[PDB]
Amino acid sequence: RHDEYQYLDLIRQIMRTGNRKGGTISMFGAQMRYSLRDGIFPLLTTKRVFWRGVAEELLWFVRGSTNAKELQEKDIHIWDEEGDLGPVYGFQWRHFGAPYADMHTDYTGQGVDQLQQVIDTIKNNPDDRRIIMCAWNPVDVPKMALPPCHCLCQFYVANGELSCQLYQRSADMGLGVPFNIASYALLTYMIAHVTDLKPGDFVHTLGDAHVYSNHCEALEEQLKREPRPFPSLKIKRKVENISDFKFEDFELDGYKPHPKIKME
Amino acid sequence: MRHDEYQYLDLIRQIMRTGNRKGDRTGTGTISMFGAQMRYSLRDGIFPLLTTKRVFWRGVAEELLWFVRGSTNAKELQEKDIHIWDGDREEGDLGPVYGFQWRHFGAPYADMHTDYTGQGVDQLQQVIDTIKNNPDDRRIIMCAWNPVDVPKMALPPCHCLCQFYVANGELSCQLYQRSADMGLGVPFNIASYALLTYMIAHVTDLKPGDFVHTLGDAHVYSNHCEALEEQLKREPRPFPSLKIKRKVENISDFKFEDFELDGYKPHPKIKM
């Protein structure tokens with residue numbers, strides 16, 4: 001059975017048994033597993049996902065950037081001094097615990113580079129149960145433009161496979177969740193590549209999983225759609241370091257989704 | 001619908017049958033799987049204290065009261081005949097563990113005798129305030145996973161984060177556990193966070209809802225497999241009930257004697 005049915009079964013479950021709040025219908029605690037094996041990329045097909053946005057945003061995080069203008073430059077308006085987002089994902093991943101000044105500050109060697117630490121642990125001690133990258137910083141969350149939805153991610157190694165689990169505190173089943181699946185499925189592919197492992201699974205754990213009430217008629221239309229086979233993902237060239245990836249290095253073959261649906 | 005303990009039982013079974021073997025099968029070795037989720041109802045006084053093996057209730061409750069106090073002193077537990085934390089600072093000093101991260105996240109750690117009052121982020125009192133003032137908030141998080149403090153701890157925390165949720169006058173909790181020993185660990189962990197939810201529900205005038213247990217590396221120790229096979233032959237019994245005997249104003253004001261665990265009828269303990 002197609003992995004995308006876990007996502008639809010949850011929307012269906014939320015709209016039918018979920019808790020209405022004042023405007024969302026929500027449930028607490030969910031878990032999906034997406035296979036990343038044999039080049040399979042879980043880019044959801046019942047609605048078109050902004051692939052370029054997914055990839056460019058992740059490359060921006062990997063760079064350590066806290067400057068929204070660097071994304072606006074790539075005609076990505078998902079994150080719209082001016083452009084200064086505070087110590088968000090890119091800063092937490094590369095410089096956890098460092099004092100935040102501004103987006104122009106050179107933070108090289110400041111704080112914990114969790115991304116490089118997780119990569120080193122996968123190579124030197126793959127059986128380690130502490131391969132975690134945490135963006136949820138209780139000290140820095142009030143300094144951030146928006147508090148992180150993606151709290152932490154854990155990685156696991158078995159039979160030459162790299163697996164990743166994301167903890168998402170807040171999940172919009174409409175627009176949010178498909179983009180979130182792709183971001184962390186791409187991160188796994190990138191870390192797998194630099195650590196000489198094959199991608200395994202992407203485990204998506206949700207806290208407050210919800211649908212917006214004004215999106216329900218559109219979700220009813222989307223629930224009527226049959227998932228199509230997922231596209232394939234290839235990294236065109238040998239990338240030595242995680243910071244060395246470019247959008248052009250990714251080869252997304254066979255992405256054939258159903259049309260986009262308006263969810264205001 | 002079907003006994004909640006069957007989620008825990010089915011997972012042990014699934015791990016021992018299809019799990020991945022790591023390390024030395026002579027002792028330290030494990031059989032593991034990655035990514036799991038259980039849901040335990042806490043409604044109508046139900047307390048999910050596992051019944052196929054007796055769980056150390058007094059250990060669960062005393063350890064949690066010690067975390068709430070913000071203590072990092074293992075001697076305070078030993079004093080209450082709790083030796084769960086027995087296995088270059090002073091004896092009993094565990095470093096910046098759970099108690100510290102919950103009450104003083106971000107504060108620099110010196111020793112277990114240092115007065116940290118007003119230092120760091122009090123996440124436990126923050127979750128209380130948010131539940132009371134804005135129950136619909138999706139940022140009701142208490143994080144013990146501190147990348148900065150993890151190298152200076154005796155043991156890195158297994159219980160990374162927990163999130164709280166409010167709907168229909170019910171408080172639910174979700175725990176993210178990075179490493180879960182299915183044998184001894186996991187039942188104690190279910191009880192610990194179900195008890196925390198009961199305490200927070202009490203001081204915030206809410207009713208307990210669900211305890212959602214999310215796992216990262218879910219594992220059984222190879223030397224515990226014989227004992228787990230014997231446990232799998234056991235049928236779960238109805239869960240006990242939990243009542244808080246008196247009205248407790250603040251989370252720091254609970255005592256072991258305040259808890260009333262009625263009808264806990266487990267199967268005998270198994271050596272692991």
# chains A, B, ... in the order shown; residues from 1 in each chain; ligands from 1
>>> interface_residues(of="chain B", to="chain A", cutoff="9 Å", atoms="only C-alpha atoms", output="ChimeraX atom specification")
/B:20-23,33-37,39,105-106,120-121,123,136,138-143,145-148,156-158,160-161,163-165,167-168,172-174,176,178-179,210,212-214,216-217
>>> write_last_selection(atoms="N, CA and C atoms", output="tab-separated table (two decimals), in the first residue's frame")
chain	number	residue	atom	x	y	z
B	20	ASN	N	17.04	-5.43	14.36
B	20	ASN	CA	18.45	-5.39	13.97
B	20	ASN	C	19.39	-5.60	15.14
B	21	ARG	N	20.25	-6.62	15.03
B	21	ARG	CA	21.21	-6.97	16.07
B	21	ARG	C	22.44	-6.06	16.00
B	22	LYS	N	22.88	-5.52	17.16
B	22	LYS	CA	24.03	-4.62	17.30
B	22	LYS	C	24.87	-5.00	18.51
B	23	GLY	N	26.18	-4.73	18.48
B	23	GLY	CA	27.10	-5.04	19.58
B	23	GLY	C	27.21	-6.51	19.94
B	33	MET	N	14.80	-1.57	16.56
B	33	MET	CA	13.99	-1.02	15.48
B	33	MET	C	14.01	0.51	15.64
B	34	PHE	N	13.70	1.27	14.60
B	34	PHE	CA	13.69	2.72	14.66
B	34	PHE	C	12.33	3.34	14.37
B	35	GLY	N	11.81	4.09	15.32
B	35	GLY	CA	10.54	4.78	15.14
B	35	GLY	C	9.34	3.95	15.59
B	36	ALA	N	8.69	4.35	16.71
B	36	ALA	CA	7.47	3.70	17.20
B	36	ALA	C	6.62	4.75	17.90
B	37	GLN	N	5.33	4.45	18.09
B	37	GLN	CA	4.38	5.32	18.79
B	37	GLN	C	3.24	4.55	19.45
B	39	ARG	N	-0.15	5.03	22.40
B	39	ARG	CA	-1.07	5.98	23.02
B	39	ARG	C	-1.70	5.29	24.21
B	105	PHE	N	17.04	25.54	32.37
B	105	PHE	CA	17.65	25.31	31.06
B	105	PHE	C	18.52	26.53	30.65
B	106	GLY	N	19.76	26.27	30.24
B	106	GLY	CA	20.65	27.32	29.76
B	106	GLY	C	21.61	27.91	30.78
B	120	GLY	N	18.62	30.40	34.33
B	120	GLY	CA	18.11	29.65	33.20
B	120	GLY	C	16.61	29.73	33.03
B	121	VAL	N	16.07	28.92	32.12
B	121	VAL	CA	14.65	28.90	31.79
B	121	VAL	C	13.92	27.83	32.59
B	123	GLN	N	11.18	25.80	32.40
B	123	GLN	CA	10.24	25.24	31.42
B	123	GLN	C	9.01	24.56	32.04
B	136	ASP	N	-4.59	26.63	23.85
B	136	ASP	CA	-4.56	26.30	22.42
B	136	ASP	C	-3.17	26.43	21.78
B	138	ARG	N	0.56	25.79	20.55
B	138	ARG	CA	1.22	24.60	20.03
B	138	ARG	C	2.73	24.59	20.30
B	139	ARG	N	3.18	25.38	21.31
B	139	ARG	CA	4.57	25.49	21.73
B	139	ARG	C	4.73	25.14	23.21
B	140	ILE	N	3.79	24.32	23.75
B	140	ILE	CA	3.87	23.89	25.16
B	140	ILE	C	4.88	22.75	25.27
B	141	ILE	N	6.18	23.10	25.20
B	141	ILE	CA	7.30	22.16	25.18
B	141	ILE	C	8.27	22.36	26.37
B	142	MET	N	8.76	21.24	26.87
B	142	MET	CA	9.79	21.13	27.89
B	142	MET	C	10.84	20.24	27.23
B	143	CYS	N	12.02	20.81	26.99
B	143	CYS	CA	13.15	20.16	26.32
B	143	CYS	C	14.31	19.91	27.31
B	145	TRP	N	16.90	17.88	26.16
B	145	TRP	CA	18.00	17.71	25.22
B	145	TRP	C	18.68	19.06	24.99
B	146	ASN	N	19.84	19.23	25.60
B	146	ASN	CA	20.66	20.43	25.50
B	146	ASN	C	21.99	20.09	24.82
B	147	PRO	N	22.15	20.39	23.50
B	147	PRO	CA	23.42	20.09	22.81
B	147	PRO	C	24.67	20.62	23.51
B	148	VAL	N	24.54	21.76	24.21
B	148	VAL	CA	25.63	22.43	24.95
B	148	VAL	C	26.00	21.64	26.22
B	156	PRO	N	23.60	11.11	28.78
B	156	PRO	CA	22.77	12.03	27.96
B	156	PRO	C	21.28	11.68	28.12
B	157	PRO	N	20.37	12.67	28.16
B	157	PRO	CA	18.96	12.34	28.40
B	157	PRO	C	18.29	11.49	27.32
B	158	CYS	N	17.56	10.43	27.73
B	158	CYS	CA	16.78	9.54	26.86
B	158	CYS	C	15.51	10.23	26.47
B	160	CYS	N	14.11	13.34	25.52
B	160	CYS	CA	14.53	14.55	24.80
B	160	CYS	C	13.66	15.73	25.01
B	161	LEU	N	12.37	15.58	24.68
B	161	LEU	CA	11.35	16.61	24.79
B	161	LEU	C	10.02	15.96	25.09
B	163	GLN	N	5.73	17.42	24.87
B	163	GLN	CA	4.82	18.49	24.47
B	163	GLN	C	3.49	18.24	25.13
B	164	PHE	N	2.79	19.31	25.46
B	164	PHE	CA	1.47	19.27	26.08
B	164	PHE	C	0.42	19.82	25.13
B	165	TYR	N	-0.80	19.27	25.24
B	165	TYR	CA	-1.93	19.58	24.37
B	165	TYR	C	-3.20	19.61	25.20
B	167	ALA	N	-7.47	19.91	24.88
B	167	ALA	CA	-8.72	19.82	24.10
B	167	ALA	C	-9.81	19.18	24.94
B	168	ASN	N	-11.01	19.81	24.96
B	168	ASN	CA	-12.20	19.36	25.69
B	168	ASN	C	-11.94	19.16	27.19
B	172	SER	N	-3.23	16.37	27.44
B	172	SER	CA	-2.49	15.24	26.89
B	172	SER	C	-0.99	15.60	26.87
B	173	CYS	N	-0.12	14.61	26.88
B	173	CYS	CA	1.32	14.79	26.84
B	173	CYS	C	1.94	13.85	25.78
B	174	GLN	N	2.96	14.32	25.05
B	174	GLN	CA	3.68	13.48	24.11
B	174	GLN	C	5.14	13.56	24.47
B	176	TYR	N	9.07	12.43	23.44
B	176	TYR	CA	9.99	11.93	22.42
B	176	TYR	C	11.14	11.27	23.18
B	178	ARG	N	14.49	9.19	22.55
B	178	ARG	CA	15.52	8.82	21.58
B	178	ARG	C	16.02	7.39	21.70
B	179	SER	N	16.06	6.85	22.94
B	179	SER	CA	16.57	5.53	23.25
B	179	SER	C	15.61	4.88	24.23
B	210	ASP	N	-4.53	11.80	27.13
B	210	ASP	CA	-3.70	10.73	26.60
B	210	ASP	C	-2.24	10.99	26.90
B	212	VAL	N	1.08	10.07	24.85
B	212	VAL	CA	1.59	9.59	23.58
B	212	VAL	C	3.08	9.36	23.75
B	213	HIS	N	3.52	8.11	23.58
B	213	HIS	CA	4.91	7.70	23.72
B	213	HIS	C	5.54	7.44	22.36
B	214	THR	N	6.40	8.37	21.91
B	214	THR	CA	7.12	8.28	20.65
B	214	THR	C	8.54	7.79	20.93
B	216	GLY	N	12.50	6.55	19.36
B	216	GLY	CA	13.55	6.60	18.35
B	216	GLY	C	14.11	5.20	18.24
B	217	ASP	N	15.26	4.96	18.86
B	217	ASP	CA	15.88	3.63	18.88
B	217	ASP	C	15.22	2.78	19.98
>>> residues_around(residues="residue A:255", least_positions_apart="3", cutoff="8 Å", atoms="only C-alpha atoms", output="ChimeraX atom specification")
/A:43,45,230-232,252
>>> select_by_dssp(residues="stretch 64-130 of chain B", states="helix (DSSP H, G or I)", output="ChimeraX atom specification")
/B:64-68,75-78,98-104,123-130
>>> residues_around(residues="residue A:11", least_positions_apart="4", cutoff="9 Å", atoms="only C-alpha atoms", output="short mmCIF file (atom, residue, chain, number, x, y, z; two decimals) with N, CA and C atoms, in the first residue's frame")
data_model
loop_
_atom_site.label_atom_id
_atom_site.label_comp_id
_atom_site.auth_asym_id
_atom_site.auth_seq_id
_atom_site.Cartn_x
_atom_site.Cartn_y
_atom_site.Cartn_z
N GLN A 6 -1.09 7.08 4.37
CA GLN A 6 -0.93 7.40 5.81
C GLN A 6 -1.32 8.86 6.08
N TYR A 7 -0.88 9.75 5.17
CA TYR A 7 -1.15 11.18 5.17
C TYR A 7 -2.66 11.43 4.92
N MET A 15 -10.61 15.31 10.19
CA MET A 15 -11.88 15.92 9.79
C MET A 15 -13.12 15.23 10.39
N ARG A 16 -13.01 13.92 10.68
CA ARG A 16 -14.11 13.14 11.23
C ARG A 16 -14.13 13.06 12.77
N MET A 173 -1.84 19.86 7.98
CA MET A 173 -2.05 18.74 7.05
C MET A 173 -2.31 19.21 5.64
N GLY A 174 -2.72 20.46 5.49
CA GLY A 174 -3.04 21.00 4.18
C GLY A 174 -1.81 21.37 3.39
N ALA A 209 -1.35 17.90 15.12
CA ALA A 209 -1.67 17.65 13.70
C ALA A 209 -3.04 18.21 13.41
N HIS A 210 -3.13 19.18 12.46
CA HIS A 210 -4.39 19.86 12.23
C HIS A 210 -4.65 20.29 10.77
N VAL A 211 -5.94 20.50 10.48
CA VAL A 211 -6.44 21.04 9.21
C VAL A 211 -7.14 22.36 9.53
N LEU A 219 -9.78 19.90 1.03
CA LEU A 219 -9.24 18.63 1.53
C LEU A 219 -10.19 17.47 1.15
N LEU A 223 -8.92 14.30 -0.88
CA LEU A 223 -9.16 12.93 -0.38
C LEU A 223 -9.72 12.00 -1.44
#
>>> residues_around(residues="residue A:186", least_positions_apart="3", cutoff="9 Å", atoms="only C-alpha atoms", output="short mmCIF file (atom, residue, chain, number, x, y, z; two decimals) with N, CA and C atoms, in the first residue's frame")
data_model
loop_
_atom_site.label_atom_id
_atom_site.label_comp_id
_atom_site.auth_asym_id
_atom_site.auth_seq_id
_atom_site.Cartn_x
_atom_site.Cartn_y
_atom_site.Cartn_z
N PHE A 41 11.73 8.94 -3.76
CA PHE A 41 11.60 10.20 -3.04
C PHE A 41 10.13 10.50 -2.69
N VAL A 54 11.43 23.62 -1.45
CA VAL A 54 11.89 22.59 -0.51
C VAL A 54 13.44 22.53 -0.49
N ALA A 55 14.03 22.31 -1.69
CA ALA A 55 15.46 22.15 -1.86
C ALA A 55 16.25 23.40 -1.54
N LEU A 58 16.27 24.20 2.29
CA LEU A 58 17.17 23.30 3.00
C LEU A 58 18.64 23.67 2.82
N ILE A 181 7.69 16.79 4.85
CA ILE A 181 8.10 15.41 4.50
C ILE A 181 9.30 15.46 3.53
N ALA A 182 9.17 16.26 2.49
CA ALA A 182 10.19 16.43 1.46
C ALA A 182 11.48 17.03 1.99
N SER A 183 11.39 18.03 2.88
CA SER A 183 12.59 18.70 3.44
C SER A 183 13.49 17.71 4.15
N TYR A 189 18.84 12.06 2.38
CA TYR A 189 19.53 11.74 1.13
C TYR A 189 20.92 12.38 1.12
N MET A 190 21.01 13.65 1.53
CA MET A 190 22.25 14.43 1.60
C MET A 190 23.23 13.86 2.64
N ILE A 191 22.75 13.57 3.86
CA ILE A 191 23.59 13.01 4.92
C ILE A 191 24.03 11.58 4.54
N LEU A 233 14.97 10.15 -6.81
CA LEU A 233 15.94 11.18 -6.51
C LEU A 233 17.35 10.61 -6.62
#
>>> select_by_dssp(residues="stretch 3-226 of chain A", states="strand (DSSP E or B)", output="PyMOL selection string")
chain A and resi 19-21+24-35+40+67+84+96+112+132-134+150-158+161-172+198-212
>>> write_last_selection(atoms="C-alpha atoms", output="compact mmCIF listing (two decimals), in the first residue's frame")
# COMPACT_ATOMS: atom_id res chain seq x y z
CA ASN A 19 -11.08 18.66 18.03
CA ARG A 20 -12.38 22.03 16.78
CA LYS A 21 -10.57 25.17 18.09
CA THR A 24 -8.59 24.39 13.14
CA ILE A 25 -9.71 20.76 13.64
CA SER A 26 -6.85 18.91 15.36
CA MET A 27 -5.56 15.65 16.84
CA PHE A 28 -2.51 15.08 19.09
CA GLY A 29 0.19 12.56 18.26
CA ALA A 30 0.67 10.82 14.90
CA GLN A 31 3.42 8.86 13.11
CA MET A 32 4.08 8.06 9.40
CA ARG A 33 6.95 6.09 7.79
CA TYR A 34 8.17 6.88 4.26
CA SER A 35 10.60 4.50 2.52
CA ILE A 40 12.33 6.59 -4.09
CA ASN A 67 18.92 36.13 6.16
CA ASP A 84 16.98 39.32 9.82
CA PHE A 96 23.63 25.91 18.67
CA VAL A 112 27.68 23.54 18.40
CA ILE A 132 20.22 14.19 17.28
CA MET A 133 20.01 17.67 15.67
CA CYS A 134 17.85 19.97 17.84
CA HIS A 150 10.61 21.10 13.47
CA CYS A 151 11.89 20.64 17.08
CA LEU A 152 14.45 17.87 16.55
CA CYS A 153 15.49 15.01 14.27
CA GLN A 154 17.19 11.72 15.12
CA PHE A 155 19.16 9.49 12.75
CA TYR A 156 19.67 5.67 12.92
CA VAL A 157 22.01 3.27 11.05
CA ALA A 158 21.24 -0.43 10.27
CA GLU A 161 20.88 2.23 5.70
CA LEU A 162 20.46 5.72 7.17
CA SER A 163 17.11 6.49 8.76
CA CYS A 164 15.71 9.84 10.07
CA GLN A 165 12.91 10.71 12.49
CA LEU A 166 11.52 14.24 12.73
CA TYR A 167 9.55 15.58 15.72
CA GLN A 168 7.13 18.20 14.47
CA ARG A 169 5.25 20.07 17.27
CA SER A 170 2.79 21.77 14.88
CA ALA A 171 1.68 20.25 11.58
CA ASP A 172 -0.68 21.80 8.96
CA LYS A 198 21.98 4.38 1.53
CA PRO A 199 18.75 6.23 2.65
CA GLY A 200 16.40 3.99 4.67
CA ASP A 201 13.21 5.49 6.11
CA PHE A 202 11.82 8.89 7.05
CA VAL A 203 9.69 8.67 10.21
CA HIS A 204 7.39 11.69 10.62
CA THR A 205 6.19 12.19 14.21
CA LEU A 206 3.54 14.89 14.80
CA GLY A 207 2.43 16.75 17.91
CA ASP A 208 -0.53 19.02 17.17
CA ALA A 209 -1.67 17.65 13.70
CA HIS A 210 -4.39 19.86 12.23
CA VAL A 211 -6.44 21.04 9.21
CA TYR A 212 -7.74 24.63 8.81
>>> atom_distance(atom1="atom CA of residue B:103", atom2="atom CA of residue B:57")
23.7 Å
